[PDB]
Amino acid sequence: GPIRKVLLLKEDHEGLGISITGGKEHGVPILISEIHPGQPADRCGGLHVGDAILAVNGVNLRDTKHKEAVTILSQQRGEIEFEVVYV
């Protein structure tokens, strides 16, 4: 599908509200495997299971290993911009 830019708002007491799988060491993108109900990704409205996370706040995640992506994603705070695509 089309590449999309999606905005997510989150306080500091919460996580993103997603589960991710995949990563460069597995030969696949960072993929959203769960959107947890009522948490920030769900509330944002624009992120869905099956989306590949291409970048977050301008940080490319297309060639990142799983745990690299966890560190990068969990560091983001407040108003967080995602670039995603559903294939």
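Numbers for residues come from their place in the sequence shown, where the first is 1.
Undergrad: I need to verify one thing: averaged over C-alpha atoms only, is the B-factor higher for 69-77 or for 21-29?
TA: It is 21-29.
Undergrad: Grab the CA temperature factor for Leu61 from the record and place it in the lowest, middle or highest third of its chain.
TA: For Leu61, whose C-alpha B-factor we compare with every modelled residue in the chain, the answer is the highest third.
Undergrad: Once the chain's modelled residues are ordered by C-alpha B factor and cut into thirds, is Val49 in the lowest, middle or highest one?
TA: Highest third of the chain for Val49's C-alpha B-factor.
Undergrad: Sort the modelled residues of this chain by their C-alpha B factor and say whether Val87 lands in the lowest, middle or highest third.
TA: CA B-factor rank for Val87: highest third.
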